[PDB]
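This report refers to the structure that appears directly beneath it.
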Amino acid sequence: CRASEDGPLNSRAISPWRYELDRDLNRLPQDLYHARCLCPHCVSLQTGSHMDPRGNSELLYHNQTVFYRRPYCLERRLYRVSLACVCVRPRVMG
Amino acid sequence: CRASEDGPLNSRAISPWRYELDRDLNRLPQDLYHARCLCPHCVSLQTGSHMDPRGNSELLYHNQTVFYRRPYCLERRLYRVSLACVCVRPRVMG
Amino acid sequence: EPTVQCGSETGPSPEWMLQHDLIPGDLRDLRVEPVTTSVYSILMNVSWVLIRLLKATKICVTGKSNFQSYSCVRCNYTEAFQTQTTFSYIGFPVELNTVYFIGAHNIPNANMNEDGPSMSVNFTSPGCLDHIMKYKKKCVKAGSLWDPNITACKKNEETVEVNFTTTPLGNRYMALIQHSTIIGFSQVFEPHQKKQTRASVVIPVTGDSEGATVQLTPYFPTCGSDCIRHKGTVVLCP
Amino acid sequence: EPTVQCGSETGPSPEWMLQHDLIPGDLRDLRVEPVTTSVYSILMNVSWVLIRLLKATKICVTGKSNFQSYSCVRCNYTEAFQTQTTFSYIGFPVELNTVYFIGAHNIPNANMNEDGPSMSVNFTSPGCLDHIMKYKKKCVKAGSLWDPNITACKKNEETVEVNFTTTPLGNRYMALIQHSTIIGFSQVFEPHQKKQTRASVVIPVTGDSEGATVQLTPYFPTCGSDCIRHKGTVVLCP
Ligand SMILES: *[C@@H]1O[C@H](CO)[C@@H](O)[C@H](O)[C@H]1NC(C)=O
Ligand SMILES: *[C@@H]1O[C@H](CO)[C@@H](O)[C@H](O)[C@H]1NC(C)=O
Ligand SMILES: *[C@@H]1O[C@H](CO)[C@@H](O)[C@H](O)[C@H]1NC(C)=O
Ligand SMILES: *[C@@H]1O[C@H](CO)[C@@H](O)[C@H](O)[C@H]1NC(C)=O
Ligand SMILES: *[C@@H]1O[C@H](CO)[C@@H](O)[C@H](O)[C@H]1NC(C)=O
Ligand SMILES: *[C@@H]1O[C@H](CO)[C@@H](O)[C@H](O)[C@H]1NC(C)=O
């Protein structure tokens, strides 16, 4: 849960995220890497090392085109890969 | 540029983005919407009405399967739509 | 004597590719309004005010809010309408917190390498923070109906004691205290009890917290870390 | 006596759809390293350590930073090699500020309802912020070459004057003064002059600025708003 300087853009954002693996034996590509938000809350720009609770870590999603070798025969369905996290301001009721 | 409370995440983010219209009478979808960062610098989580000079704004891009009506006939070429702005830390050397 | 029959089709229309020697005009006016059906469920209302050669009309709506969504509906015409002696339609399910860009064009439309595009209207769906749509399936499970009834008492300069009513949904809760900067941050765990349903949390604070703002964020598994929040203020208790 | 030949192909392999009663094994080892070609160009070095029935192994390049990366090439063999008595490949460019995940699997591969996938290796490609990769075409315009010689002098408590060399690249400059919080903020426009290349900027400040860090931010049109900055410290000037 820290922000570095070189990057690229994954260790440089206020709410960083790490790339996790999802493997399948009939998908193109074989290896997909979703976005997983690591820091529960956004970090302070004063240091960039430690987190502050004033913000929220909310994922974003888009639909990616994948091909499935379902019994051979090919298949085309929309797939769900999280692209990146954003720091959104909270909702307060009352 | 400012952050509101209801949403969605476009008027609620530290680096807000408004959607511009790119109308093409030979593209499917006929209307797309790129994200344009109205904030040159990121907003304070204290208020969200005013920005802070300690941050930077950077877009993310993706390849979205659109269709073009080139001479009619169908054809497939990826297009580079701007999804959202995210807040990224400065790079400082000397 | 025309009537409105409407359906669903997304993607390429058959007349989009084909050419047409003569082209209809265009929809002179177009309007959209939100109308709620009695029980909730919400459906979009599309009413437009409009020649002899004319076939149908297509409506496409796009939603862009933390997700991607795209739907289209074409409404056909039953028979020609020469008389001057304005239609409407109810055909789109509306989500929560979603901006909608809606545009319609007559079919057939302007041939390629020619101008005269259509016009569009815009509208933003109501959120979950209002009273009308606070009974939705998502909102109540996300915490719209829960009433914490926060009563936080400042014990002393360093410690603050917070009372809040619990719920069966969650067991761990955030805690924030923001006046000008962050002076209080803590994490707690509490088991839910039917006999006793009030909590007591002690949090250390740095600096004078008198008159601060108490912000309660629950950890409900169904809404992640971006869950709804409830207001609280420092109340001095004798 | 096998030899290395490699082409390029992205998508589904002709053996991906087909099935095979007998399936070969897998690569014993695969190590990927970066190599530099003398003039610059940066290229990853792909080398795998490798039964009687076997044809080829595919190499793919995939990583993600602000973007995606996706390219695949094949690598045929010429003859079978029963002899017990190492292969390599140089065919892939390296981008700027991108992570890289390299994927390789023998052909043919395992069928459905089976095990034995391929492996992957990590790699972190440094950006152009290092002196070896400091003259690259893109960010050399973005300010790698420029030496500000930034010198900050404080006249009095309210104002600080900033002395620095101007460049023909930029005309409008923004500044940061950050020691504990933001105490200084201004925006100035200065035209570069061939006769005199040494400009003056006045920026008012709030509070005691002794010991602060003066930080410069140029609006060079090639780098937008994420341009490289240059560190400077306040110097008490007689
Ligand atoms: C309108 O006519 C087209 C022509 O085939 C047809 O495909 C479509 O289903 C019709 N619309 C409705 C609502 O039936
Ligand atoms: C959306 O509609 C509103 C209605 O006044 C208009 O002001 C705005 O320019 C429209 N925006 C787009 C992107 O169509
Ligand atoms: C908060 O809860 C504690 C639990 O022991 C209780 O003693 C205290 O009286 C409560 N606060 C108020 C204002 O009743
Ligand atoms: C590799 O072998 C395949 C299979 O015959 C062939 O189609 C392809 O052209 C070959 N590529 C090279 C570079 O030899
Ligand atoms: C990076 O290396 C570690 C161990 O060295 C491994 O566990 C991890 O899976 C690698 N990263 C990816 C994306 O595979
Ligand atoms: C900074 O620039 C101005 C420009 O005239 C000059 O007068 C001043 O002496 C410079 N600062 C120093 C320390 O020389």
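A note on labels: chains of the structure tokens are A, B, ... as shown, every chain counts residues from 1, and ligands are counted from 1 in their shown order.
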
When all Cα positions are paired in order and chain B is fitted onto chain A, what RMSD is left, to one decimal?
0.7 Å

Kindly provide, as number ranges by chain, all nucleotide and amino acid residues lying within 9 Å of ligand 1, counting only C-alpha atoms and all ligand atoms.
C: 4-9, 13-14, 55-56, 73-77

Keeping C-alpha atoms for every residue in the selection just given, could you write it to a file as a compact mmCIF listing (two decimals), in the first residue's frame?
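Contents of the output file part-v1.txt:
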# COMPACT_ATOMS: atom_id res chain seq x y z
CA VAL C 4 -47.62 2.81 -31.43
CA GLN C 5 -46.14 -0.70 -31.43
CA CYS C 6 -42.53 -0.83 -30.18
CA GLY C 7 -39.94 -3.65 -29.92
CA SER C 8 -36.24 -4.32 -29.31
CA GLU C 9 -33.19 -4.54 -31.58
CA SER C 13 -30.39 -2.00 -38.77
CA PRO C 14 -31.19 -3.37 -42.26
CA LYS C 55 -41.29 3.92 -42.30
CA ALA C 56 -40.30 3.84 -38.62
CA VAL C 73 -35.58 0.07 -29.38
CA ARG C 74 -37.27 0.64 -32.79
CA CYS C 75 -40.95 1.64 -32.93
CA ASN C 76 -42.68 0.96 -36.26
CA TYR C 77 -45.61 2.87 -37.83

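Least-squares alignment of chain C on chain D, taking all C-alpha positions paired one to one, leaves a root-mean-square deviation of 0.8 Å.
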
List all protein, DNA and RNA residues that have at least one atom no more than 10 Å from any atom of ligand 3, counting only C-alpha atoms and all ligand atoms, and write them as JSON, numbers by chain.
{"C": [150, 151, 152, 153, 154, 161, 162, 163, 164, 165, 198, 199, 200, 201, 202, 235, 236, 237, 238]}

Smallest atom-to-atom distance to ligand 2: which of B:59, B:32, B:21, B:9, using only C-alpha atoms and all ligand atoms?
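Ranked by minimum distance to ligand 2, first place goes to B:21.
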
Could you give me, as a PDB file with N, CA, C and O atoms, in the first residue's frame, the residues within 9 Å of residue C:111, counting only C-alpha atoms and dropping anything in the same chain fewer than 6 positions from it?
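File selection_8.pdb, as written:
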ATOM      1  N   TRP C  16     -29.692   0.750 -42.543  1.00  0.00           N
ATOM      2  CA  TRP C  16     -28.464   1.514 -42.350  1.00  0.00           C
ATOM      3  C   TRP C  16     -27.473   1.256 -43.481  1.00  0.00           C
ATOM      4  O   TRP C  16     -26.840   2.183 -43.999  1.00  0.00           O
ATOM      5  N   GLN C  19     -29.133   1.804 -49.416  1.00  0.00           N
ATOM      6  CA  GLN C  19     -29.243   3.172 -49.899  1.00  0.00           C
ATOM      7  C   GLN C  19     -30.697   3.488 -50.229  1.00  0.00           C
ATOM      8  O   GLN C  19     -31.534   2.596 -50.389  1.00  0.00           O
ATOM      9  N   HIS C  20     -30.990   4.783 -50.335  1.00  0.00           N
ATOM     10  CA  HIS C  20     -32.355   5.246 -50.570  1.00  0.00           C
ATOM     11  C   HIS C  20     -32.293   6.487 -51.448  1.00  0.00           C
ATOM     12  O   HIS C  20     -31.619   7.461 -51.099  1.00  0.00           O
ATOM     13  N   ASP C  21     -32.991   6.448 -52.587  1.00  0.00           N
ATOM     14  CA  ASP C  21     -32.972   7.579 -53.510  1.00  0.00           C
ATOM     15  C   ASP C  21     -33.640   8.804 -52.900  1.00  0.00           C
ATOM     16  O   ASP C  21     -33.174   9.934 -53.088  1.00  0.00           O
ATOM     17  N   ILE C  23     -35.279  10.521 -49.230  1.00  0.00           N
ATOM     18  CA  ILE C  23     -35.119  10.421 -47.781  1.00  0.00           C
ATOM     19  C   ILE C  23     -36.261  11.142 -47.078  1.00  0.00           C
ATOM     20  O   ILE C  23     -36.677  12.225 -47.514  1.00  0.00           O
TER      21      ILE C  23
END

9 Å contact set for residue C:127, only C-alpha atoms, chain neighbours under 3 positions out, as a list in words:
residues 6, 7 and 8 of chain B; 96, 97, 98, 124, 130, 133 and 134 of chain C

What are the residues of chain B that have an atom within 7 Å of an atom of chain A, counting only C-alpha atoms, as a PyMOL selection string?
chain B and resi 5+9+12-14+45+54+86-89+91

Select the residues contacting ligand 5 at a distance of at most 9 Å, based on only C-alpha atoms and all ligand atoms, then format the selection as a list in words.
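Taking only C-alpha atoms and all ligand atoms into account, the residues around ligand 5 at most 9 Å away are residues 19, 20, 21 and 33 of chain A; 100, 101, 119, 120, 121, 122 and 123 of chain D.
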
Can you pull out the residues contacting stretch 42-49 of chain D? Cut-off 10 Å, using only C-alpha atoms, and skip same-chain residues under 6 positions away; I want them as a PDB file with N, CA, C and O atoms, in the first residue's frame.
ATOM      1  N   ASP D  26       6.557 -30.330 -21.859  1.00  0.00           N
ATOM      2  CA  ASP D  26       6.594 -28.882 -21.735  1.00  0.00           C
ATOM      3  C   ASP D  26       8.040 -28.421 -21.612  1.00  0.00           C
ATOM      4  O   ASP D  26       8.957 -29.223 -21.423  1.00  0.00           O
ATOM      5  N   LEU D  27       8.227 -27.109 -21.730  1.00  0.00           N
ATOM      6  CA  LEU D  27       9.553 -26.515 -21.608  1.00  0.00           C
ATOM      7  C   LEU D  27      10.044 -26.639 -20.171  1.00  0.00           C
ATOM      8  O   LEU D  27       9.300 -26.356 -19.226  1.00  0.00           O
ATOM      9  N   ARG D  28      11.298 -27.066 -20.006  1.00  0.00           N
ATOM     10  CA  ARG D  28      11.844 -27.237 -18.663  1.00  0.00           C
ATOM     11  C   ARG D  28      12.117 -25.895 -17.993  1.00  0.00           C
ATOM     12  O   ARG D  28      11.867 -25.733 -16.792  1.00  0.00           O
ATOM     13  N   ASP D  29      12.626 -24.922 -18.746  1.00  0.00           N
ATOM     14  CA  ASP D  29      12.936 -23.609 -18.198  1.00  0.00           C
ATOM     15  C   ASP D  29      12.784 -22.546 -19.277  1.00  0.00           C
ATOM     16  O   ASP D  29      12.949 -22.813 -20.471  1.00  0.00           O
ATOM     17  N   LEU D  30      12.465 -21.330 -18.838  1.00  0.00           N
ATOM     18  CA  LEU D  30      12.393 -20.180 -19.727  1.00  0.00           C
ATOM     19  C   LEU D  30      12.742 -18.923 -18.942  1.00  0.00           C
ATOM     20  O   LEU D  30      12.004 -18.500 -18.048  1.00  0.00           O
ATOM     21  N   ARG D  31      13.867 -18.316 -19.309  1.00  0.00           N
ATOM     22  CA  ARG D  31      14.337 -17.081 -18.696  1.00  0.00           C
ATOM     23  C   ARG D  31      14.383 -15.988 -19.751  1.00  0.00           C
ATOM     24  O   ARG D  31      14.883 -16.197 -20.860  1.00  0.00           O
ATOM     25  N   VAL D  32      13.860 -14.819 -19.389  1.00  0.00           N
ATOM     26  CA  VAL D  32      13.792 -13.669 -20.284  1.00  0.00           C
ATOM     27  C   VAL D  32      14.565 -12.516 -19.657  1.00  0.00           C
ATOM     28  O   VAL D  32      14.413 -12.219 -18.467  1.00  0.00           O
ATOM     29  N   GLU D  33      15.425 -11.889 -20.455  1.00  0.00           N
ATOM     30  CA  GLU D  33      16.288 -10.809 -20.005  1.00  0.00           C
ATOM     31  C   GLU D  33      16.270  -9.689 -21.036  1.00  0.00           C
ATOM     32  O   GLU D  33      15.979  -9.932 -22.212  1.00  0.00           O
ATOM     33  N   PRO D  34      16.558  -8.451 -20.622  1.00  0.00           N
ATOM     34  CA  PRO D  34      16.627  -7.355 -21.594  1.00  0.00           C
ATOM     35  C   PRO D  34      18.022  -7.175 -22.175  1.00  0.00           C
ATOM     36  O   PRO D  34      19.017  -7.230 -21.447  1.00  0.00           O
ATOM     37  N   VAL D  35      18.105  -6.959 -23.486  1.00  0.00           N
ATOM     38  CA  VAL D  35      19.370  -6.741 -24.180  1.00  0.00           C
ATOM     39  C   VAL D  35      19.247  -5.473 -25.012  1.00  0.00           C
ATOM     40  O   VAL D  35      18.168  -5.167 -25.533  1.00  0.00           O
ATOM     41  N   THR D  36      20.346  -4.733 -25.126  1.00  0.00           N
ATOM     42  CA  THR D  36      20.381  -3.479 -25.861  1.00  0.00           C
ATOM     43  C   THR D  36      21.212  -3.638 -27.127  1.00  0.00           C
ATOM     44  O   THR D  36      22.339  -4.143 -27.084  1.00  0.00           O
ATOM     45  N   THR D  57       7.044 -23.772 -30.462  1.00  0.00           N
ATOM     46  CA  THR D  57       6.603 -23.127 -29.227  1.00  0.00           C
ATOM     47  C   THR D  57       6.327 -21.665 -29.544  1.00  0.00           C
ATOM     48  O   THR D  57       7.096 -21.040 -30.280  1.00  0.00           O
ATOM     49  N   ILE D  59       5.567 -17.569 -28.620  1.00  0.00           N
ATOM     50  CA  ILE D  59       5.998 -16.508 -27.716  1.00  0.00           C
ATOM     51  C   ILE D  59       5.020 -15.347 -27.832  1.00  0.00           C
ATOM     52  O   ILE D  59       4.722 -14.891 -28.941  1.00  0.00           O
ATOM     53  N   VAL D  61       3.813 -11.432 -25.936  1.00  0.00           N
ATOM     54  CA  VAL D  61       4.243 -10.311 -25.111  1.00  0.00           C
ATOM     55  C   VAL D  61       3.011  -9.549 -24.647  1.00  0.00           C
ATOM     56  O   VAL D  61       2.307  -8.943 -25.462  1.00  0.00           O
ATOM     57  N   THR D  86      19.780 -25.666 -26.080  1.00  0.00           N
ATOM     58  CA  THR D  86      19.538 -24.292 -25.659  1.00  0.00           C
ATOM     59  C   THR D  86      19.183 -23.413 -26.854  1.00  0.00           C
ATOM     60  O   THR D  86      19.932 -23.346 -27.829  1.00  0.00           O
ATOM     61  N   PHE D  87      18.038 -22.742 -26.771  1.00  0.00           N
ATOM     62  CA  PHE D  87      17.522 -21.904 -27.841  1.00  0.00           C
ATOM     63  C   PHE D  87      17.263 -20.497 -27.313  1.00  0.00           C
ATOM     64  O   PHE D  87      17.060 -20.285 -26.115  1.00  0.00           O
ATOM     65  N   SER D  88      17.269 -19.529 -28.228  1.00  0.00           N
ATOM     66  CA  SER D  88      17.082 -18.130 -27.870  1.00  0.00           C
ATOM     67  C   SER D  88      16.351 -17.419 -29.002  1.00  0.00           C
ATOM     68  O   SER D  88      16.161 -17.969 -30.088  1.00  0.00           O
ATOM     69  N   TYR D  89      15.936 -16.180 -28.732  1.00  0.00           N
ATOM     70  CA  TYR D  89      15.152 -15.413 -29.687  1.00  0.00           C
ATOM     71  C   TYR D  89      15.286 -13.924 -29.396  1.00  0.00           C
ATOM     72  O   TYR D  89      15.287 -13.501 -28.237  1.00  0.00           O
ATOM     73  N   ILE D  90      15.396 -13.134 -30.466  1.00  0.00           N
ATOM     74  CA  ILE D  90      15.404 -11.676 -30.375  1.00  0.00           C
ATOM     75  C   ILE D  90      14.420 -11.123 -31.399  1.00  0.00           C
ATOM     76  O   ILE D  90      14.777 -10.914 -32.565  1.00  0.00           O
ATOM     77  N   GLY D  91      13.174 -10.901 -30.986  1.00  0.00           N
ATOM     78  CA  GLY D  91      12.176 -10.414 -31.920  1.00  0.00           C
ATOM     79  C   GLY D  91      11.107  -9.486 -31.377  1.00  0.00           C
ATOM     80  O   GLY D  91      10.060  -9.329 -32.011  1.00  0.00           O
ATOM     81  N   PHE D  92      11.334  -8.862 -30.219  1.00  0.00           N
ATOM     82  CA  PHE D  92      10.274  -8.078 -29.592  1.00  0.00           C
ATOM     83  C   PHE D  92      10.767  -6.734 -29.064  1.00  0.00           C
ATOM     84  O   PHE D  92      11.699  -6.698 -28.240  1.00  0.00           O
ATOM     85  N   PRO D  93      10.167  -5.629 -29.502  1.00  0.00           N
ATOM     86  CA  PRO D  93      10.527  -4.317 -28.953  1.00  0.00           C
ATOM     87  C   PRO D  93       9.981  -4.125 -27.546  1.00  0.00           C
ATOM     88  O   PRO D  93       9.033  -4.792 -27.125  1.00  0.00           O
ATOM     89  N   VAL D  94      10.591  -3.192 -26.819  1.00  0.00           N
ATOM     90  CA  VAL D  94      10.193  -2.847 -25.459  1.00  0.00           C
ATOM     91  C   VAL D  94       9.730  -1.397 -25.461  1.00  0.00           C
ATOM     92  O   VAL D  94      10.408  -0.522 -26.014  1.00  0.00           O
ATOM     93  N   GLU D  95       8.578  -1.142 -24.849  1.00  0.00           N
ATOM     94  CA  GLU D  95       8.009   0.197 -24.806  1.00  0.00           C
ATOM     95  C   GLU D  95       8.600   0.972 -23.630  1.00  0.00           C
ATOM     96  O   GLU D  95       9.577   0.556 -23.002  1.00  0.00           O
ATOM     97  N   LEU D  96       8.003   2.119 -23.322  1.00  0.00           N
ATOM     98  CA  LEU D  96       8.466   3.002 -22.264  1.00  0.00           C
ATOM     99  C   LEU D  96       7.466   3.005 -21.117  1.00  0.00           C
ATOM    100  O   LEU D  96       6.267   3.227 -21.312  1.00  0.00           O
ATOM    101  N   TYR D 100       5.737  -6.129 -18.115  1.00  0.00           N
ATOM    102  CA  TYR D 100       5.713  -7.140 -19.167  1.00  0.00           C
ATOM    103  C   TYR D 100       5.529  -8.522 -18.561  1.00  0.00           C
ATOM    104  O   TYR D 100       6.226  -8.885 -17.607  1.00  0.00           O
ATOM    105  N   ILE D 102       5.486 -12.440 -20.044  1.00  0.00           N
ATOM    106  CA  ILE D 102       5.841 -13.211 -21.229  1.00  0.00           C
ATOM    107  C   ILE D 102       5.217 -14.593 -21.108  1.00  0.00           C
ATOM    108  O   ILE D 102       5.364 -15.261 -20.078  1.00  0.00           O
ATOM    109  N   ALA D 104       4.599 -18.467 -22.988  1.00  0.00           N
ATOM    110  CA  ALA D 104       5.092 -19.416 -23.974  1.00  0.00           C
ATOM    111  C   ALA D 104       4.599 -20.815 -23.638  1.00  0.00           C
ATOM    112  O   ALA D 104       4.688 -21.249 -22.484  1.00  0.00           O
ATOM    113  N   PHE D 123       8.579  -9.100 -15.337  1.00  0.00           N
ATOM    114  CA  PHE D 123       9.633  -8.220 -15.819  1.00  0.00           C
ATOM    115  C   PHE D 123       9.161  -6.783 -15.678  1.00  0.00           C
ATOM    116  O   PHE D 123       8.016  -6.457 -16.004  1.00  0.00           O
ATOM    117  N   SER D 125      10.125  -3.106 -16.940  1.00  0.00           N
ATOM    118  CA  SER D 125      10.921  -2.269 -17.819  1.00  0.00           C
ATOM    119  C   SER D 125      11.001  -0.851 -17.260  1.00  0.00           C
ATOM    120  O   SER D 125       9.978  -0.176 -17.106  1.00  0.00           O
ATOM    121  N   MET D 133      18.853   5.240 -20.204  1.00  0.00           N
ATOM    122  CA  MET D 133      17.701   5.436 -21.082  1.00  0.00           C
ATOM    123  C   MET D 133      17.214   6.881 -21.043  1.00  0.00           C
ATOM    124  O   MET D 133      16.014   7.156 -21.088  1.00  0.00           O
TER     125      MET D 133
END

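Across the structure, atom CA of residue B:39 and atom 13 (C, counted along the ligand's line) of ligand 2 are spaced 18.2 Å apart.
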
Quick one: residues within 7 Å of residue B:61, only C-alpha atoms, excluding same-chain residues fewer than 6 positions away - as a PyMOL selection string?
(chain B and resi 80-83) or (chain D and resi 66-67)

Give me a file of those residues, with N, CA, C and O atoms, as an mmCIF file, in the first residue's frame.
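Writing the result to again_22.cif gives the following:
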data_model
loop_
_atom_site.group_PDB
_atom_site.id
_atom_site.type_symbol
_atom_site.label_atom_id
_atom_site.label_comp_id
_atom_site.auth_asym_id
_atom_site.auth_seq_id
_atom_site.Cartn_x
_atom_site.Cartn_y
_atom_site.Cartn_z
ATOM 1 N N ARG B 80 -9.918 4.447 -29.898
ATOM 2 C CA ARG B 80 -9.236 4.816 -28.662
ATOM 3 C C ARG B 80 -10.092 5.830 -27.905
ATOM 4 O O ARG B 80 -9.925 7.043 -28.055
ATOM 5 N N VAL B 81 -11.012 5.323 -27.091
ATOM 6 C CA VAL B 81 -11.877 6.171 -26.280
ATOM 7 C C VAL B 81 -11.232 6.394 -24.921
ATOM 8 O O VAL B 81 -10.606 5.490 -24.356
ATOM 9 N N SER B 82 -11.383 7.604 -24.388
ATOM 10 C CA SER B 82 -10.849 7.941 -23.074
ATOM 11 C C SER B 82 -11.874 7.558 -22.014
ATOM 12 O O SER B 82 -12.990 8.089 -21.998
ATOM 13 N N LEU B 83 -11.500 6.637 -21.124
ATOM 14 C CA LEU B 83 -12.453 6.134 -20.140
ATOM 15 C C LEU B 83 -12.620 7.103 -18.975
ATOM 16 O O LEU B 83 -13.742 7.510 -18.654
ATOM 17 N N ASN D 66 -1.234 2.023 -18.251
ATOM 18 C CA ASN D 66 -1.984 3.073 -18.940
ATOM 19 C C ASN D 66 -2.638 2.552 -20.216
ATOM 20 O O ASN D 66 -3.474 3.246 -20.798
ATOM 21 N N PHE D 67 -2.342 1.320 -20.618
ATOM 22 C CA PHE D 67 -2.650 0.755 -21.925
ATOM 23 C C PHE D 67 -2.712 -0.753 -21.757
ATOM 24 O O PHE D 67 -2.753 -1.273 -20.638
#

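When only C-alpha atoms are used to compute distances to chain D, the closest of the residues B:26, B:68, B:52, B:78 turns out to be B:52.
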
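The coordinates place atom CA of residue D:226 at 13.7 Å from atom CA of residue D:129.
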
From a DSSP calculation on the backbone, collect every residue of stretch 71-199 of chain D in helix (DSSP H, G or I) and output the set as a PyMOL selection string.
chain D and resi 131-133+137-144

Write a file of the selected residues as an mmCIF file, in the first residue's frame, keeping N, CA and C atoms.
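What landed in part_16.cif:
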data_model
loop_
_atom_site.group_PDB
_atom_site.id
_atom_site.type_symbol
_atom_site.label_atom_id
_atom_site.label_comp_id
_atom_site.auth_asym_id
_atom_site.auth_seq_id
_atom_site.Cartn_x
_atom_site.Cartn_y
_atom_site.Cartn_z
ATOM 1 N N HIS D 131 19.790 7.375 -16.458
ATOM 2 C CA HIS D 131 20.774 7.969 -17.359
ATOM 3 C C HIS D 131 21.076 7.097 -18.572
ATOM 4 N N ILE D 132 20.984 5.773 -18.444
ATOM 5 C CA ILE D 132 21.190 4.905 -19.600
ATOM 6 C C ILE D 132 20.105 5.140 -20.643
ATOM 7 N N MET D 133 18.853 5.240 -20.204
ATOM 8 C CA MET D 133 17.701 5.436 -21.082
ATOM 9 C C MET D 133 17.214 6.881 -21.043
ATOM 10 N N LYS D 137 13.997 9.321 -27.625
ATOM 11 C CA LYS D 137 13.410 10.338 -28.494
ATOM 12 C C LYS D 137 12.228 11.044 -27.838
ATOM 13 N N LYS D 138 11.433 10.309 -27.058
ATOM 14 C CA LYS D 138 10.184 10.877 -26.561
ATOM 15 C C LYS D 138 10.416 11.929 -25.483
ATOM 16 N N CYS D 139 11.093 11.569 -24.390
ATOM 17 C CA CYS D 139 11.129 12.454 -23.229
ATOM 18 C C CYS D 139 12.340 13.379 -23.261
ATOM 19 N N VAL D 140 13.202 13.242 -24.271
ATOM 20 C CA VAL D 140 14.286 14.209 -24.429
ATOM 21 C C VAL D 140 13.709 15.592 -24.705
ATOM 22 N N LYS D 141 12.594 15.645 -25.437
ATOM 23 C CA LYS D 141 11.868 16.896 -25.608
ATOM 24 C C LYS D 141 11.172 17.306 -24.316
ATOM 25 N N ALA D 142 10.819 16.333 -23.477
ATOM 26 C CA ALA D 142 10.007 16.578 -22.293
ATOM 27 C C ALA D 142 10.797 17.152 -21.122
ATOM 28 N N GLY D 143 12.097 17.374 -21.278
ATOM 29 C CA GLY D 143 12.884 18.047 -20.258
ATOM 30 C C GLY D 143 14.007 17.230 -19.653
ATOM 31 N N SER D 144 14.406 16.104 -20.247
ATOM 32 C CA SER D 144 15.544 15.363 -19.714
ATOM 33 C C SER D 144 16.833 16.166 -19.820
#

Could you give me the residues within chain B that DSSP places in strand (DSSP E or B), as a count of residues only?
48
